[PDB]
Amino acid sequence: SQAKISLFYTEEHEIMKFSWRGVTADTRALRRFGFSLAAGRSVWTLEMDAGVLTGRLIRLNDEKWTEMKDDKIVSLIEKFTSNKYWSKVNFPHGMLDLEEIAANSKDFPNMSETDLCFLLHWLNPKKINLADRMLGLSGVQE
Amino acid sequence: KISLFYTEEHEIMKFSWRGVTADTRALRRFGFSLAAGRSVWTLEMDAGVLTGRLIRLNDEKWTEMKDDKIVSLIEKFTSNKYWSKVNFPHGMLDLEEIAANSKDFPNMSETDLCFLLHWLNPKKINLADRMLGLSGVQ
Amino acid sequence: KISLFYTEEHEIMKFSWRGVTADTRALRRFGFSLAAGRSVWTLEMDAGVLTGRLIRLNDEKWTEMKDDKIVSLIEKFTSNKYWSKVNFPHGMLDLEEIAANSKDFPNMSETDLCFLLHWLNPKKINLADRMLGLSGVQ
Amino acid sequence: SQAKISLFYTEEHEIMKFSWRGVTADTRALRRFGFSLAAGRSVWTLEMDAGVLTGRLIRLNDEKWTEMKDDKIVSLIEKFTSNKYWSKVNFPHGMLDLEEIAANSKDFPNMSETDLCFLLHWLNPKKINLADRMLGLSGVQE
Amino acid sequence: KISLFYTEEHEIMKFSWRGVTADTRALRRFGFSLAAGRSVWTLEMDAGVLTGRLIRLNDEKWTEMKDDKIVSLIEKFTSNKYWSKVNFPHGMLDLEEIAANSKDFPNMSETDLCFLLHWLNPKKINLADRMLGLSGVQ
Amino acid sequence: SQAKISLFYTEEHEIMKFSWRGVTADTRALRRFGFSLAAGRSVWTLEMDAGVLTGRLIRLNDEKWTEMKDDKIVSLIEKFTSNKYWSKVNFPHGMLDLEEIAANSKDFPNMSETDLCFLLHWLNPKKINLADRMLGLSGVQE
Amino acid sequence: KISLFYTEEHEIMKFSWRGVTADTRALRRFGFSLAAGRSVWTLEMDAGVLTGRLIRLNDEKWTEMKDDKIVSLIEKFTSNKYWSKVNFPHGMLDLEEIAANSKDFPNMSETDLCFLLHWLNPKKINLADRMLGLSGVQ
Amino acid sequence: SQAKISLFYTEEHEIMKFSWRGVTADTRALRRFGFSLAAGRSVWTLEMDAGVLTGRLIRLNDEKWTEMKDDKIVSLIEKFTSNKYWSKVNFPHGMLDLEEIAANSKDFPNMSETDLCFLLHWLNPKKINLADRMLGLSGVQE
Amino acid sequence: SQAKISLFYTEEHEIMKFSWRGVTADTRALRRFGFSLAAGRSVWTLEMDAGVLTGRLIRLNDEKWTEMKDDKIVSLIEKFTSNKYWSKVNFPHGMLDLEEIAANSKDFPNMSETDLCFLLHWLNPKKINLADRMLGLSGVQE
Amino acid sequence: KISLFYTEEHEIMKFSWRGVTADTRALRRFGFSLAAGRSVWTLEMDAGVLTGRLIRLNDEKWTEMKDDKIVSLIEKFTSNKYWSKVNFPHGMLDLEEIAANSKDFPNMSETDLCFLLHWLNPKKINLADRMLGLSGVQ
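Determination of this PDB entry was carried out by X-ray crystallography to a resolution of 2.70 Å, according to the record.

Given below as structure tokens:
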């Protein structure tokens, strides 16, 4: 049978230190999303440089990734990665208009506009709300 | 009809360059809605203290909670004319005395008004206990 | 009458989503009670350092320990007026000098005050040695 | 003579990793309790789904269980399991009010209210206090 | 040719000895340049309110921003004689009515003038959200 | 060793608001002085009622106090507070003649006239010069 | 011998009951003493404008400042007979023209007289910048 | 190979407290700059006394320092510290004329005037603009 | 318990400008009085048009009001406002004879003549004596 | 019996339409009453100058003040026959010479008459200092 796509997340700058000072966190706390095409293979993620999205997709293994389940996303990654040169994708720098990117993209013809947009929204790094995270909530939303 | 709610808040946040420090203890506030969709009522706080008044506070994220005893007490409390116009002693430091001297809710016993005042009272949250998996609710 | 005690604490905890990281070394603190039921006295710490003062710290979980030599030294120490009002040099870095220059406990010898100051002093715990079955007491 | 009831515990998310980083643990560390009606037979435990008690009792053998002794609990399990359809029990979802559950239960007439409550308190999963467990204590309490 | 800009400002600062206190909410103002190097135009404010007039405000630090829809609307707006001489109702409280009753920009539709008036309108900034990493732009 | 005396100041009506109006201040801006006998203990200050000195000494903790250093004043507070009933002192209402108060006082025999007068001058509330404070100067003098 | 000084002043204060409002900008004035103890000389102001004359103004609180270039220029300026009797054009609006047309200080070059006139000239102070820790000296 | 110079910054009086009062900051907020000659070794910085630069260089480890990268500055520190008695430097008190200090200095002959001046400008403490820092900007400039 | 009445004052044309000219004031300087039935609610005051009292009561929030204490006035406002249509009151234009207004009024039966007159005297705008105000006195009297 | 008093006055007021301008400095005058209820005596002023005579001035608002030294001096002064009939040199410019040459109060020393004349002397008030919270009494 065909190889299973695995979903993952990683967090950066998310440590909250408890000392006599109280609870210190870093305002750059962020959650990143990635995928593996096969078990053991490299985790793919949207590339970031200087804290901004470059528009490219890279392998980022040096990070600690945690498995997550989303049957809808696995279906969308299956379609996305069945296109030749998906890894070579170069979306507009900054990736500010996700709806326009999906609407004007001609690189994934096996994917609908609503579906590429849904996937681009999942791959998008999400800021951690520190006031919620101190209250033990994920604090993750767009 | 009657629905119970809570909201949580950091009363102080201290900023550093690219960093934030909060107190080991945050605050949990309690509120109620008389009907579905209608405004959440809560004990008013100004300058970090209880004013003694009751206000609508919708701009906050409230989460539903269940307490059959409290709903029975809110039913009695809100069946009095001018309950919203209540003005308890500033600071609300002696909850037992407030309930004992109150003549505004004659359909409520002293032990019952006191029980409700104790539920409406903001409570501190220990964030370290919270982050370890517990509710530092105090 | 006089009872000895210890308490243990992580001075730093680092939180991750659904995870916690502590230092390889935690801290053990020492205290005493003058009578059964009465408050546990301990060397005060503020901002992670020894202030030089002695305080009551009951909010902590204390475990009884036996040391006949220490009880004899606490007996001498506490039979002085204003022992609770003691204010040793901030940080309490030179325990030998503190004992040598102290004129507040004339019923105590220099070697004896120093021995007691060494017992009251917080001590680091190695958690890896602790979890292997030993007391990483240092 | 009659077959002996065996008591057991299992821990989940309780591993503490020692590295250069210090000591890392998982804040979901938990202890679960179970029983076997006969030697070799399946270990019974209160079912959990999405981290919450369903109110049902299930066999959970895929876990590593460690024997423990409690003569009072064995006496209570003896009474509990001598009722027909004990395995078919469906307590209120979440099992938040253990005192009320025992008070209103009409399924175990050979058990007193104080006794069913005592057993329900033993079967209840108990969180591991990580600050105590790092100090080599069980850290187990309600 | 046409360039968009923003500037941010604390409308109130409260001074204490060696300390300053600002409002949780600051203000963001919007402006435009007709040509590179030329003066930045913005809605005039006097006594903390919108006067209804448009002025040059160069003494402020302005940062470029991109909005292709707004540049198209400024192009239409500024191709009218005496656009700089515009005097909207004092306070500019009803932006929808201002656009509906305006007869000064016949090359602009009501929905378009209203869209532009909404962009030129000063907007409050939540500093707590700002310092946490977000733009409290409201 | 003996407990350390801490010195403090508090300011009332001292806020200067910067708006479009310019700089507004309150002409009642004033600096008050206090002392703590031990760390954590209550701050003592000369009592004021209706803007006038009553002649009494009170605890005033509800105010925000800032630590200050003055080795001469700590020496004088040490002498002052080593007298029984120092807290019970009741100087002439208004405390208009500080030199006469010190000269006629028989309550602090361990203190010289010049020394009690020096301390009374330090404890005395001092008006804030608003023209200097707008120029970023303390504006504090008698 | 020669000493430099400055003084600061609010030209307008607006009183309200129990309150005062000053302008965002105050004024800094500059002066010089020919000998230690002797009177501080400064450009005279009347009705808020520069009269063009030089006067002694001792009733003000002056603070010493160092400027080796200015002391050299004051030395040249004051070594002329009747320097105190100088009467520059009222208002002193064109400092460059004043220096260019002056025939009273032949030991001083035009660029040097102009440099000195620029130093003696009262300068506005931004109080908001001042209270933030800077000198709003302009 | 030769040991790597590390660059650092520290901030003093820079905390902004968010309460019901709004945002309070301290008008003495300041950023200081320092360097380490080797990993683990002490951070060197321009000494300040009574809020004014003394003209001397000191070790200041009791402070929390954050690493920063500047390849030009590392090159200048390399030249600066390859002179004997660089730590013993005593620049004019207050250090008011940085251009004159660099022009008249005969202590660093391996450094050009423009280069010593560039380094002196980097070592110089910089005030934090509180209006910018409340708008989430570094607010750091001369 | 019942909601607390708050007392307030506002001043118009009361600014005294200090310049080289001396002290300039406006001869229309006046003090107005108002009340709030509840905390946060609108401040009520006697309406003025063309500098003369109309005889009506209005809400005037656009003004800066300062709290004042008067236990006798709060008691009188309590009685006054416990009448239906108190806000709809229309006293004789100009309100020149306050004693006659109170004597002939049949709108406040829970109030005595001496008491309504006392309240009408408090609500009455009072001119500021500029010669006293320049001498730092309130200058307020009828 | 003897009571001390002061009164304050603007010697000049300049009127504009709907406006008034007073001098930065007003005047404080001093007076005394020999008995409770009786008329307040003060140094007479005519054409803004001191005439050298003493008059009753009741039409003014006087405020009581305490000065035990002055009451002792008024006691001596008023125990002389014809003290009210005193006619000091017009203008009263040299207070030290007036006291030195006076032969009308033989029960008073020169230093004492001079001290009293200095107290009775009208004193200027700085209104700007006054409005800032101080007494500009000079």
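S.K.: What am I meant to see in the overall build of chain B here?
M.R.: Check the secondary structure of chain B and you find four helices and eight strands. If you list the helices and strands of chain B from N to C, you get β-β-β-β-β-β-β-α-α-α-β-α. Oriented by its inertia axes, the alpha-carbon framework of chain B measures out at about 55 × 30 × 25 Å. Considering only intrachain contacts with a sequence separation of at least 6, the fraction spanning at least 24 residues in chain B is 59%.

S.K.: Help me out: how do you make sense of the packing of helix α1 (residues 68-77) of chain E against helix α3 (residues 110-120) of chain E in this one?
M.R.: All names here are of chain E. At a minimum axis distance of 10 Å, the contact between α1 and α3 shows a crossing angle of 110 degrees. Compared by their axis directions, α1 and α3 come out roughly perpendicular. α1 and α3 meet at a crossing whose hand is left-handed. Judged by residue contacts, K69, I70, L73, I74, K76 and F77 of α1 engage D112, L113, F115, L116 and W119 from α3. Here the contact of α1 with α3 is built from residues that sort into eight nonpolar, no polar and three charged.

S.K.: Hey, could you run me through the nonpolar core in this one?
M.R.: Generally speaking, soluble globular proteins have nonpolar side chains that are buried together. In terms of nonpolar packing, the biggest core is built from 98 residues, with A:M134, F:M134 and H:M134 touching the most fellow members. Not counting chain neighbours up to four residues away, the residues in contact with F:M134 comprise F:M16, F:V23, F:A25, G:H10, G:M13, G:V20, G:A22, G:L127, G:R130 and G:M131.

S.K.: Any chance you could explain the interface of chain B and chain A here in plain terms?
M.R.: Many structure descriptions define interface size as the accessible area lost when the parts assemble. Taken together, the contacts link 16 residues of chain B with 16 residues of chain A. With both sides pooled, the region where chain B packs onto chain A buries about 1,300 Å², and carbon together with sulfur makes up 67% of that total. If you look at where chain B meets chain A, you find zero salt bridges. The interface formed by chain B and chain A includes five residue pairs in polar contact. Counting only elements with at least two residues in the side of chain B that touches chain A, the list comes to β3 (19-22) and α4 (127-131) of chain B.

S.K.: I tried to follow the pairing of strand β5 (residues 41-46) of chain E on my own but got confused; where do I start?
M.R.: Every other side chain in a regular strand lies on the same face of the sheet, so the side chains alternate between the two faces. Residue and element names in this part refer to chain E. Here strand β4 (residues 25-33) runs beside β5; their pairing, made up of two bridges, is antiparallel. Within β5, the residue paired with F32 across the bridge is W41. Inspection of the sheet shows β5 paired to strand β6 (residues 49-56) by five bridges, in the antiparallel sense. Residue pairing in the sheet places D46 in a bridge with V49 of β6. Connecting β5 to the antiparallel partner β6 that follows it, the hairpin turn spans two residues, and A47 within it adopts a positive phi of roughly 60 degrees.

S.K.: Would you mind showing me how to read the packing of aromatic side chains here?
M.R.: Given two aromatic rings, one states the distance between the centres and the angle between the planes to describe the pair. The full count for this structure, using the stated rule, is 59 aromatic pairs over all chains. An angle of 70 degrees between the planes, with centres 5.0 Å apart, marks the rings of C:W41 and C:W83 as edge-to-face. Remark: C:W83 occurs in the loop between α1 (68-77) and α2 (95-101) and C:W41 occurs in strand β5 (residues 41-46); sequence separation between them is 42 residues. Residue C:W83 is classed as buried on the basis of its relative accessible area, which comes to 11%. Through successive ring pairs, a cluster of aromatic residues spans B:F32, B:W41, B:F77, B:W83, B:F88 and B:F105. One residue, H:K72, lies across the ring of H:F118, its end atom 4.0 Å from the ring centre. Against the face of J:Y6 rests J:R28, its NZ or CZ located 4.0 Å from the ring centre.

S.K.: It is not clear to me how the packing of helix α1 (residues 71-80) of chain H against helix α3 (residues 113-123) of chain H should be interpreted in this structure. Could you clarify?
M.R.: Two quantities define a packed helix pair, namely the angle between the axes and the distance from one axis to the other. Residues and elements named next belong to chain H. Running from N to C, α1 and α3 point in directions that differ by 110 degrees, and their axes come no closer than 10 Å. Classified by the interaxial angle, the pair formed by α1 and α3 is roughly perpendicular. The two elements α1 and α3 cross, and the hand of that crossing is left-handed. Where α1 abuts α3, its residues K72, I73, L76, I77, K79 and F80 lie against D115, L116, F118, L119 and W122. In terms of residue class, the contact of α1 with α3 is made up of eight nonpolar, no polar and three charged.

S.K.: In this structure, what is going on with a negative patch on the surface? I would like to understand it.
M.R.: Residues and elements named next belong to chain A. A cluster of like negative charges, contributed by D97, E99, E100 and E113, occupies part of the molecular surface. Relative to the helices and strands, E100 resides in helix α2 (residues 98-104). Under the relative-accessibility criterion, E100 is labelled partly exposed at 33%.

S.K.: Got a minute to help me understand the arrangement of the chains in this structure?
M.R.: Separated in space, chain A and chain G share no contact, their closest pair of C-alpha atoms being 26 Å apart. Where chain D comes nearest to chain G, the C-alpha atoms are still 42 Å apart, and the two do not contact one another.

S.K.: Would you take a moment to explain the pattern of salt bridges for this structure?
M.R.: It is possible for side chains of opposite charge to pair when their charged atoms get near one another. For the structure on display, the rule yields 55 salt bridges over all chains. The partner of D:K72 in a salt bridge is D:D115, and the shortest N-O contact between them spans 3.9 Å. Here D:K72, found in helix α1 (residues 71-80), pairs with D:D115, found in helix α3 (residues 113-123); they are 43 residues apart in sequence, far enough to count as distant. D:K72 gets classed as partly exposed once you look at its relative accessible area, which sits at 41%. Among the ionic contacts, a cluster of salt bridges with common partners joins A:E11, A:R31 and A:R133.

S.K.: Looking at this structure, I do not really get unusual backbone geometry. What am I missing?
M.R.: What is expected of a backbone is that most residues other than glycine have negative phi and most peptide bonds are trans. Notably, D:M95 is not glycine yet its phi reads approximately 50 degrees, a positive angle. As for its position among the elements, D:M95 is in the loop between α1 and α2 (98-104). Its relative accessible area of 5% is what places D:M95 among the buried residues. Phi angles above zero are rare outside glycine, and G:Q138 is one such case at about 50 degrees.

S.K.: Any chance you could explain the environment of G:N126 here in plain terms?
M.R.: Residues and elements named next belong to chain G. The topology assignment puts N126 in strand β8 (residues 123-126). Taking the C-alpha atoms as reference points, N126 and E60, 66 residues apart in sequence, are found 21 Å from one another. In this structure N126 touches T24, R25 and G136, once residues within four positions along its chain are discounted. From its side chain, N126 meets the backbone nitrogen of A128 in a polar contact 3.0 Å long.

S.K.: Any chance you could explain α1(D) here in plain terms?
M.R.: Side chains of residues three or four places apart in an α-helix project in the same direction, reflecting 3.6 residues per turn. All names here are of chain D. Within the sequence span of α1, burial applies to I73, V74, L76, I77 and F80. Take α1 and look down its axis: the buried residues cluster within an arc of 165 degrees, on one side only. Lining the buried residues of α1 we find β1 (6-12), β4 (30-36), β6 (52-59) and α3.

S.K.: I keep staring at α1(E) and nothing clicks. Help me out?
M.R.: All names here are of chain E. Of all the positions in α1, only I70, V71, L73, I74 and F77 are classed as buried. For α1, the buried positions fall inside an angular range of 165 degrees around the axis, keeping them on one side. Structurally, α1 contributes buried residues whose contacts are with β1 (3-9), β4, β6 and α3.

S.K.: Even after reading the chapter, I still don't get the environment of B:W83, so can you show me in this structure?
M.R.: Sequence-wise, B:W83 and B:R25 are 58 residues apart; in three dimensions their C-alpha atoms are separated by 31 Å. Ignoring any residue separated from it by four or fewer positions in sequence, one finds B:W83 in contact with B:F32, B:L34, B:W41, B:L54, B:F77, B:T78 and B:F105.

S.K.: Where do I start with the side chain of J:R28 in this structure?
M.R.: Residues and elements named next belong to chain J. Looking at the secondary structure, you find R28 in strand β4 (residues 25-33). Separated by 2.7 Å, the side chains of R28 and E8 make a polar contact. Sequence-distant contacts of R28, defined by excluding residues within four places in its chain, comprise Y6, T7, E8, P122, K123, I125, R130 and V137.

S.K.: Help me out: how do you make sense of the environment of F:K127 in this one?
M.R.: Relative to the helices and strands, F:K127 is located in strand β8 (residues 126-127). When the C-alpha atoms of F:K127 and F:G139 are compared, they prove to be 7.9 Å apart, with twelve residues separating the residues in sequence. Contact partners of F:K127, with chain neighbours within four places excluded, come to F:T27, F:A29, F:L30, F:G139, F:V140, F:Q141, F:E142, J:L132, J:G133 and J:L134. In terms of polar contacts, F:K127 uses its side chain to reach the backbone carbonyl oxygen of J:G133, at 2.9 Å.

Rules used in this analysis
- Residues numbered from 1 in each chain as written, not as in the entry; some residues may be left out.
- Chains lettered and ligands numbered in written order.
- Heavy atoms only, no water.
- Residues with missing side-chain atoms left out of burial classes, pairs and counts.
- Helix = DSSP H or I, 4+ residues; strand = E, 2+ residues; numbered from the N terminus.
- Contact = heavy atoms within 4.5 Å.
- Axes fitted to C-alpha atoms, helices over the stretch in contact; angles between N-to-C directions.
- Parallel < 35°, antiparallel > 145°, perpendicular 65-115°, else oblique.
- Left-handed = near helix turned anticlockwise from the far one by under 90°.
- Nonpolar A, V, L, I, M, F, W, Y, C, P; charged D, E, K, R; others polar.
- Core = buried A, V, L, I, M, F, W, Y, C linked by side-chain atoms within 4.5 Å.
- Buried < 20%, exposed > 50% of the residue type's maximum accessible area, 1.4 Å probe, protein only.
- Buried area = accessible area lost by both parts, 1.4 Å probe.
- Salt bridge = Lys/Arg side-chain N within 4 Å of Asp/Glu carboxyl O.
- Polar contact = N/O pair within 3.5 Å; in protein donor to acceptor, adjacent residues only side chain to side chain.
- Pairing = 2+ DSSP bridges.
- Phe/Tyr/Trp six-rings, centres within 6.5 Å; stacked < 30°, edge-to-face > 60°.
- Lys NZ or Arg CZ within 6 Å of the ring centre and 35° of its normal.
- Patch = residues over 30% accessible without salt bridge, like charges linked within 9 Å, V, L, I, M, F, W, Y side chains within 5 Å.
- Areas by Shrake-Rupley, 256 points an atom, 1.4 Å probe, with all protein chains shown as cover.
- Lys, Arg positive; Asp, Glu negative; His and termini not counted.
- Charge placed at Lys NZ, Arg CZ, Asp CG, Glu CD.
- Arc of directions from axis to C-beta.

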